[PDB]
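What follows is a single chain, given as structure tokens, in the form deposited in one PDB entry.
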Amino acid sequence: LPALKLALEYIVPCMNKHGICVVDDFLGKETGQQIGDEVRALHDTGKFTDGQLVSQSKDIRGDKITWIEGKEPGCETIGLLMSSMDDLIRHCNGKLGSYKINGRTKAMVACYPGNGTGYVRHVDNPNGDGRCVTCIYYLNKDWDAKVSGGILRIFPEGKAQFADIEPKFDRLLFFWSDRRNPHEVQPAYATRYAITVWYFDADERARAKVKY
């Protein structure tokens, strides 16, 4: 699908009504794997962090991250993922809420190591830091959450219920970054890779430059 069709027939009507959207088979199996390769090559070559400190001798650590600009050697299909997320957002064109989305972060590549850690419930942006849309791309080939866990559970707020989102291969996830969408990753018992880019609201981002 061209970014424009997906954006206007799906992303926008979905985001404005539910505030969470899932695009399956986003880039297709060939490109999907290429990203998998590049992400694994980052892991294998020691670029990831530490890991999130879950339990504070031999402590327990969680998701490792790396920021990727997209032009790095060995990171080109990720760069290309990013450009294609950017195309989607641009073809929304101030149709996402009242938002004027003028920029974004580098890409946070995440590796959950499969040691039963998840990510405690959280709000990507609680204090008004600029971030208004969270875009996540999952690269997990033949993921079974019944066996490996790692489901992402969102608590869209003002709602009795949650939405469980499996970190399926070639899945792309959009959701409002603020207090409307509290979420968590359930414990992952297998390596779980994801890539996140956050989109900035012009105004909120513009005010945050002085406050932080």
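Shifts are known only where both forms have a C-alpha. We number the residues from 1 along the sequence you see. Rigid core (definition): largest C-alpha set, two forms, superposition within 1.5 Å.
Omitted here: the form deposited with a partner chain bound. The next part is about that form.
Using a 4.5 angstroms cut-off on non-hydrogen atoms, would residue 69 count as touching its partner chain in the entry with it bound? Although its partner chain is absent here, residue 69 would touch it in the entry with it bound, with heavy atoms inside 4.5 Å.
Does any part of residue 136 reach within 4.5 Å of its partner chain in the entry with it bound? Heavy atoms only, please. Looking in the entry with it bound, residue contacts with its partner chain do not include residue 136, since no heavy atom lies within 4.5 Å.
Is residue 103 part of the interface with its partner chain in the entry with it bound - any heavy atom within 4.5 Å? Heavy-atom contact with its partner chain at 4.5 Å: present for residue 103.
Given that its partner chain is not shown alongside this chain, does residue 90 nevertheless sit within 4.5 Å of it in the entry with it bound, heavy atom to heavy atom? Because a heavy atom of residue 90 falls inside 4.5 Å of its partner chain in the entry with it bound, the answer is yes.
Kindly list the runs, ordered along the sequence, of 3+ consecutive residues whose C-alpha shifts are all 2 Å or more between this form and the one not shown once the two forms are aligned on their core. Moving region between this form and the one not shown: 209-211, nothing else.
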